[PDB]
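Peer 1: Opening piece of a complex, kept in its complex position:
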Amino acid sequence: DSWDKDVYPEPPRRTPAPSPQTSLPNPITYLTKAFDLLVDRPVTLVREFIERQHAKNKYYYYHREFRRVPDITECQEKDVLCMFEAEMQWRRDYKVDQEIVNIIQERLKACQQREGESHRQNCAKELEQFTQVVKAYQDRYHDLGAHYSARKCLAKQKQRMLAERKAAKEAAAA
Amino acid sequence: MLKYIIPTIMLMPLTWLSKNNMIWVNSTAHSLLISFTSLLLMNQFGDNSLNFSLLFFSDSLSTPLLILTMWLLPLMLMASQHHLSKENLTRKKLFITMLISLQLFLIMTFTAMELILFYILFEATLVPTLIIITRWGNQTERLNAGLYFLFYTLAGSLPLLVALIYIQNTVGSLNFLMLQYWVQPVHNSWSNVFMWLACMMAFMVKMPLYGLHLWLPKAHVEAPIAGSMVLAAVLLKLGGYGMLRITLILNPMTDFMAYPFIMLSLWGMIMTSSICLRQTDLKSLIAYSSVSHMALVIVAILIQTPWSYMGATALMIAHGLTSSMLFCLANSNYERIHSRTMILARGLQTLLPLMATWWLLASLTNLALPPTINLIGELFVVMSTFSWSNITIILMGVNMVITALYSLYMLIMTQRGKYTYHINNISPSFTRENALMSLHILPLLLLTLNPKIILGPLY
Amino acid sequence: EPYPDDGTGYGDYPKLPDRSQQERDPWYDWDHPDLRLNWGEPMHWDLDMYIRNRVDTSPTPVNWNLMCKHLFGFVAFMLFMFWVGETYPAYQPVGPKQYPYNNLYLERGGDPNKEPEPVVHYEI
Amino acid sequence: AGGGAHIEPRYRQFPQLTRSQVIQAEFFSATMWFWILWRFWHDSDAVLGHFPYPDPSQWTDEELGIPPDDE
Amino acid sequence: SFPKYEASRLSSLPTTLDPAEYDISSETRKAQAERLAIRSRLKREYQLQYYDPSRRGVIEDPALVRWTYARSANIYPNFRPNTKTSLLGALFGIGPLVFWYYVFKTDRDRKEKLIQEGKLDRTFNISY
Amino acid sequence: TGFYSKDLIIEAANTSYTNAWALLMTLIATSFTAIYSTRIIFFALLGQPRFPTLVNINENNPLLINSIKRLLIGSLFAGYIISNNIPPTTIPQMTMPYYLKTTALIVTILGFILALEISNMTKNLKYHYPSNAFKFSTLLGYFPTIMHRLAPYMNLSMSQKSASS
């Protein structure tokens, strides 16, 4: 297969069987028999020729994997060598998280088109996830600014955590 | 960056040791070769910038400006051949030397890792620029234009020198990589308000900021063709590039210090567009058009958002190609009728059909017709400023209307209408002039296909 | 007639009549037919504003003040009448067209949990 | 351009015609009326009305389920 | 009698309905004639160069040169700081900048309160 | 073609929770459609010619006839063909009082009758009284003569005296 089916789900297709009632012929049915003979088959011949060439000299490319490194929380102040690797790792994860929100958004848009006029109901699992990730993405990376960095991300989290532990502490005193 | 600095130096021996009748040919060919190798700077990674040595580095903000800089020198050489024809041999080779020494400083300026090395080369560009204007301009006003161009820049540069040295004493370093990890927030105090002004006013005079721009309609008008091209294509972007770098060490004071400079730019963006509707000089009309676009870049840099910086970088490259193209167009008419009044030679589309096609394409990019990179950069700045304050759509929408009004009024005045009867020496367009316009417009449109290489470090 | 010496930089430049270029003899053989000028003629200070592609000052059949009264009146009355029609809508005699299954609760993005208060519609 | 029947522009007079203009012009004029009449006959509801409008005045208080005024 | 035509800067008085064309004094005939005199002297000078075959270029127009010189380079040396320029310059130059400052300052100050307190909706806002 | 779209709109406009003045304006407009259509037919097809003496009134170029013909066919069958194939997506209203179902037809025909009478009244040799209602409509409401002469004057004047000088 081309893409992993789990990452991009698709419910099974149900094509209703044709059931003609009129005596006239269906023009599309004959066109489908003329398109699949003068377009589909000739194109398949060229591809099969091209596909055979590729199999003769197969060669591979690998998906680079990055070894984990200490995060910004484990780096001494004004320690560039330790802060450099931690900062670079943070930037890579920021890029990955950007694409995750793109995967979820892509799934959400697909549901709206696939489900047609009933999209407002059948698209409930996707929309819940989309709101789930977007809330998480907003907290991790938002209002940081153009000169964003791991330090500002750490500071923002510590601002949220303090305002949460204080809220939790004083809730019991209500 | 030595692989580009040394070739640029070798252009100087090439010009002086070449045959007396091959200075324009050898110079043009070899500078084009230097431009071709500049594409190697695009080895940009997503996490870490490209660090060559302790003096030079390149990231996604430097690369587009460097490639633009080295692509402009061959174009300047073609445009200078005509009016430097009766000039004697020795002074022609001095003119080319100024252009090469100007490219030498620019490429080192856009790649300097340390912020005082940036200052030296940033200021060093004044000398060659001043000499081109004051020695090879035509009018009697080139002398006073040179003085205005000189003292406006230094009045802002000298406070900048003090501010940078103060930062090194306190922080301990000026290496831009180091500042990214040792930067500390700026406290709100009267001393820190003037530290902010010193670090920025030097770059506001070169954008230019509205109010501090009276030198631009004098330098860009009295300069030779090569002077106007580099002045309005690269030298204005030194200030914009400078701001993008030094705003790293000014947070959070930029939250409130940006207010006076956002209002000057937003309202000045409408004063400069309006002034274009009544300018009686075709070359001065294009000059004021530069202040309006660069007012968008000032707003984009001062609000510090990922979308604004991506828009700011795209706008700077788009303006450089479009503004330099317009100066060349206005120059071709001047080289025939030898006058700058816009209402003198009319209906030129009847006599120069192809040169009017270049006029049309240049104006479409000037008024940001999609999907040009002129529109992509401007749109992103408009999107970012809407989040800043939804009311800004009013001012950035009115400027769009005025921008299309003066862009097409210039097109209609000189191309449409009826030709002047007593102007009878409109010879056809030489291949030199047609090729000059094709080297501006083709790269401008091709970038639309892969526009991510001009969006900057925050892409 | 020099411009008034109010210190606005006009100097000794002639103050020609504030007449558009469309208000000139169209048939007179002009040295500049489009601009309707003559070589050696002092150009109006605002010549670039009075060209034929711009502000025109030709006499109009209806006096300027009269035109303003009519146009504003039509605009003013029409807007007032729209407001009157907005607060007095014209609606035919009908009821709240009914829909089943709790008024299409599940079809309208209804949350299955915390089921709605049942709503039913009876024949008639 | 085209076939170019090249009918001379006559001086003060009625312009010359051809046999093709009138026959084709008249053909569509009759087609419009034929189409207008044929559709009007088969389904005239669309232009006059589909269903009678039930006057509510000529109704009874019983079918509407109005409780008696006497409670 | 029909209502009289009332002129204006954007609607000039028709020449026919102007009580200045019909009167024929001694000054008018020797004045409207004088205008045509110089107007003809200039046309003669222009006509000589326009029709000359040994000419290829642009006929310099001193009227055009004076028009542009009075619009760009002669304004400042004829400028005096007085009560009109100072007041006109102040409210056109400083006025709008101040007006737009309080508009944007008030708008952004209002927004910041609603975001700190959570009263501004930013559910799906992940672009800025 | 037009009946399957225009008439079906007046039916929905008439029988909707709408704005009474807006509902009235549409109906008056539909009558006005007949009046200026009758203006074109009367002044361009009927009466006696007013054009110069030497003209070439030719229509036999094959391109001109063919181009018009296809749209002429389309102008008659487009509404029926389209409306009977597009899937339903609303609830069209088909039951309504008699004076609302045909309100579209009566106003246009009524305007047709009114237009024909007014057109013929121009043949009589009675003089004319220039009316302000006539000059208001002739000059497009004066909007193109105030705005297009006022706004350019204000903006351009401000550019030179204030912005630049």
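Peer 2: Nice, thanks for sending it over. Numbering: from 1, shown residues only, chains lettered A, B, ... in the order given.

Peer 1: Enumerate the residues of chain C near chain A.
Peer 2: Applying C-beta under 8 Å from any C-beta of the partner chain, we find that chain C lies next to chain A at C:106, C:107, C:108, C:109. Any C-beta I mention is one placed from the backbone N, CA and C, and that applies to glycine too.

Peer 1: which ones are touching the last one?
Peer 2: With C-beta atoms under 8 Å, 6 or more residues apart in numbering or on different chains as the criterion, the residues that contact residue C:109 are A:120, A:121, A:124.

Peer 1: The same query, at a cut-off of 6 Å, please.
Peer 2: Neighbour list for residue C:109: residue A:120 [criterion: C-beta atoms under 6 Å, 6 or more residues apart in numbering or on different chains].

Peer 1: Pop out the phi and psi values for it.
Peer 2: phi 70, psi 20 (degrees, to the nearest 10).

Peer 1: Skipping adjacent residues, who's closest to residue B:162 in space?
Peer 2: Spatial nearest neighbour of residue B:162, excluding adjacent residues (C-beta to C-beta, 6 or more residues apart in numbering or on different chains): residue B:198 at 6.5 Å.

Peer 1: The one you found and chain A: what is the separation?
Peer 2: Distance of residue B:198 to chain A, computed by C-beta to the nearest C-beta, to the nearest Å: 20 Å.

Peer 1: Give me the neighbour count for residue C:46.
Peer 2: Here the number of neighbours of residue C:46 (other C-beta atoms under 10 Å in any protein chain shown) works out to 20.

Peer 1: Any idea which residue is closest to the centre of chain A?
Peer 2: Residue closest to the mean C-alpha point of chain A, counted by C-alpha atoms, centre = their mean, is residue A:103 at 1.4 Å.

Peer 1: one more chain, chain G:
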Amino acid sequence: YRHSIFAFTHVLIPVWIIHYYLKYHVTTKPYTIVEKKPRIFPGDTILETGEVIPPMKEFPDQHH
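Peer 2: Same chains as before, plus chain G:
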């Protein structure tokens, strides 16, 4: 001949290029072409799975 040449270079060749582009490049990536799932009416059989949807309830209809 004129129509056959035009119907070949300007219709048949592009639809080969477009179809080859769509079949083997565009459709190999997720959600490049997303169809609307066909409408399923009562009393229909599915080509893929073979399910049958029971018809609707008895209609209490009437003439006209």
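
Peer 1: once more on the contacts of residue C:109, this time with chain G?
Peer 2: residue A:120.

Peer 1: Now the residue of chain C found nearest chain D: which helix or strand?
Peer 2: Across chain C, the shortest distance to chain D (C-beta to the nearest C-beta) belongs to residue C:124, at 7.1 Å. Assigned by DSSP states H and E, residue C:124 falls within no helix or strand.

Peer 1: Chain neighbours aside, what residue packs nearest to it?
Peer 2: residue D:65 (7.1 Å).

Peer 1: For residue D:59, see how far away that neighbour is.
Peer 2: Residue D:65 sits 12 Å away from residue D:59, going by C-beta to C-beta, to the nearest Å.

Peer 1: that older thread, state the number of residues packed around the closest residue to the residue nearest to the centre of chain A other than its chain neighbours.
Peer 2: Once flanking residues are discounted, residue A:103 sits nearest to residue A:7: 6.7 Å by C-beta to C-beta, 6+ apart. Using other C-beta under 10 Å, residue A:7 has 10 other residues around it.

Peer 1: Now do the SS call for residue A:7.
Peer 2: coil (DSSP: H, G, I helix; E, B strand; the rest coil).

Peer 1: Phi and psi next, for it.
Peer 2: Backbone dihedrals for residue A:7, given as degrees, to the nearest 10, come out at phi -70, psi -30.

Peer 1: what's residue F:54 sitting at in phi/psi?
Peer 2: phi -90, psi 100.

Peer 1: Can you name the residues that contact it?
Peer 2: Going by C-beta under 6 Å, 6+ apart, the list of residues near residue F:54 is empty.

Peer 1: neighbours around residue 22, how many?
Peer 2: You didn't say which chain, so I picked chain A. For residue A:22, using other C-beta under 10 Å, the count is 6.

Peer 1: think we crossed wires, I meant chain G
Peer 2: Residue G:22: 14 surrounding residues under other C-beta under 10 Å.

Peer 1: Extend the structure above with chain H:
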Amino acid sequence: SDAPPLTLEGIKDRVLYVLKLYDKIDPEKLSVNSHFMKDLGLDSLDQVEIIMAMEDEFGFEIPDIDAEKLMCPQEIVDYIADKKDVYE
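Peer 2: That brings us to chain H, laid onto the chains above:
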């Protein structure tokens, strides 16, 4: 445009064919040279009506500054000849 070109003689036929339906001139006395003031003494205001008839005949309209200088059935053909670039 498909409009037939105007010939030098063709214009003259039209010019006189219009003057011959005035019902104020003698057809046998009006010729290519017939002044409207010195030859047959036609009224000046009739020149306005004469020219208007010419303008309504050829389509284009003559200026009033030069219409007042034309009372010579030969001159009208000359003026129209020098306004539609007719040379044969």
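
Peer 1: again for the contacts of residue C:109, since chain H is there now?
Peer 2: Residue C:109 touches residue A:120, counting by C-beta under 6 Å, 6+ apart.

Peer 1: again, only using 8 Å
Peer 2: Contacts of residue C:109 by C-beta under 8 Å, 6+ apart are A:120, A:121, A:124.

Peer 1: Out of these, the closest to chain H would be?
Peer 2: Comparing every one of these with chain H (C-beta to the nearest C-beta), the shortest separation belongs to residue A:120, at 61.3 Å.

Peer 1: Helix, strand, or coil at residue A:51?
Peer 2: Per three-state DSSP, residue A:51 ends up helix.

Peer 1: hey, which helix is longest across the chain?
Peer 2: Reading this off chain A. In chain A, with assignment by DSSP state H, the single longest helix is helix A:80-114.

Peer 1: The intended chain is chain F.
Peer 2: Criterion DSSP H: the longest helix present in chain F is helix F:20-45.

Peer 1: can you pull the buried residues of that helix?
Peer 2: F:20, F:21, F:23, F:27, F:30, F:31, F:34, F:35, F:38, F:42 (16 or more other C-beta atoms under 10 Å in any protein chain shown).

Peer 1: got the contact list for the helix or strand that comes right after that helix?
Peer 2: Using DSSP H and E, the helix or strand that directly follows helix F:20-45 along the chain is helix F:62-83. The contact list for helix F:62-83, computed with C-beta under 8 Å, 6+ apart, reads D:1-3, D:24, D:28, D:31-32, D:35, D:39, F:1-5, F:59.

Peer 1: which other helices and strands contact the helix or strand hosting residue B:71?
Peer 2: Using DSSP H and E, residue B:71 sits within helix B:62-79. The contact analysis (3 or more C-beta pairs under 8 Å, 6 or more residues apart in numbering or on different chains; DSSP states H and E) places helix B:62-79 against helix B:23-37, helix B:89-109, helix B:225-230, helix B:306-337, helix B:431-446.
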